[PDB]
Amino acid sequence: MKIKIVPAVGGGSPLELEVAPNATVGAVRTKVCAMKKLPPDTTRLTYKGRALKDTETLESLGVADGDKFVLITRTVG
């Protein structure tokens, strides 16, 4: 049960963390964002070319061990 999220911070670096996609989208996105110390207010997540959030679980859409999610962050303030 491992997931790899690569932040799109202009040449950013991928980070490995332990999260469950069968729990909540916002929970996972917030967990990875915090680990990288990024702005949660202006942050999005894309999986399989699709944006999830209220979906809660990802198993219904197809959960896999060792998947990869894309983390985006905008510059604001």
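Engineer: Please set out unusual backbone geometry residue by residue, giving values where relevant.
Structural biologist: One non-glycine residue, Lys 48, lies in the positive phi region at around 55°. Note on placement: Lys 48 falls in the loop between strand 3 (43-46) and strand 4 (68-73). Judged by relative accessible area, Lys 48 falls into the exposed class, the value being 64%.

Engineer: Lay out the sheet that holds strand 1 (residues 3-7) in plain terms, naming residues and giving numbers.
Structural biologist: Working definition: the strands of a sheet are paired by backbone hydrogen bonds and lie parallel or antiparallel to each other. Ordered by their spatial adjacency, four strands build an open sheet running 2-1-4-3, and the pairing between neighbours is mixed. Lying at the two open borders of the sheet, with one neighbouring strand each, are strand 2 (15-17) and strand 3. The mean angle between the axes of side-by-side strands here comes to 30°, regardless of whether they run parallel or antiparallel. Pairing of strand 1 with strand 4, which is carried by four bridges, proceeds in the parallel orientation. Within the sheet, the bridge partner assigned to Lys 4 lies in strand 4 and is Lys 68. Along the sheet, helix 1 (residues 25-36) makes contact with strand 1, strand 2, strand 3 and strand 4, crossing strand 3 at roughly 120°.

Engineer: A description of the pairing of strand 3 should follow, citing residues and the corresponding values.
Structural biologist: Of the two faces of strand 3, only one is covered, namely that formed by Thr 43 and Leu 45; the face formed by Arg 44 and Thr 46 stays uncovered. Bridging between strand 3 and strand 4 involves four bridges; their strand directions are antiparallel. If you follow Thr 43 over to strand 4, its bridge partner there is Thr 73.

Engineer: Any chance you could break down the environment of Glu 56 for me, citing the residues and the numbers?
Structural biologist: Following the sequence through the fold, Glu 56 ends up in the loop between strand 3 and strand 4. For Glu 56, the residues in contact, after removing those within four places along its chain, are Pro 21, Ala 23, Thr 24 and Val 25.

Engineer: Describe empty space enclosed by the protein, and please don't skip the residues or the numbers.
Structural biologist: Any space left empty among the atoms is revealed by the rolling of a water-sized probe across them. Scanning the model with the defined rule gives one cavity of 30 Å³ or more in all. Estimated volume of the largest cavity: approximately 160 Å³. In terms of lining residues, the largest cavity is bounded by 16 residues, among which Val 25, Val 28, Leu 45, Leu 58 and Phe 69 are the most central. Contributions of two or more residues to the lining of the largest cavity are made by helix 1 and strand 3. When residues of the lining of the largest cavity are assigned to their parent elements, the largest contribution, four residues, is made by helix 1.

Engineer: I'd love a proper account of the packing of aromatic side chains, names of residues and values included.
Structural biologist: Applying the stated criterion to the full structure yields one aromatic pair. Between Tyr 47 and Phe 69, the ring centres sit 4.1 Å apart and the planes meet at 20°, which makes this aromatic pair stacked. Of the two residues, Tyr 47 sits in the loop between strand 3 and strand 4 while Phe 69 sits in strand 4, which places them 22 residues apart along the sequence.

Cut-offs and rules
- Residues numbered from 1 in each chain as written, not as in the entry; some residues may be left out.
- Heavy atoms only, no water.
- Helix = DSSP H or I, 4+ residues; strand = E, 2+ residues; numbered from the N terminus.
- Buried < 20%, exposed > 50% of the residue type's maximum accessible area, 1.4 Å probe, protein only.
- Pairing = 2+ DSSP bridges.
- Axes fitted to C-alpha atoms, helices over the stretch in contact; angles between N-to-C directions.
- Contact = heavy atoms within 4.5 Å.
- 1 Å grid on protein atoms, 1.4 Å probe; cavity = no way out; pocket = protein on both sides within 12 Å on 5 of 7 lines; lining within 4 Å.
- Points joined across faces, edges and corners; volume = space filled by probe spheres on them.
- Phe/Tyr/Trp six-rings, centres within 6.5 Å; stacked < 30°, edge-to-face > 60°.

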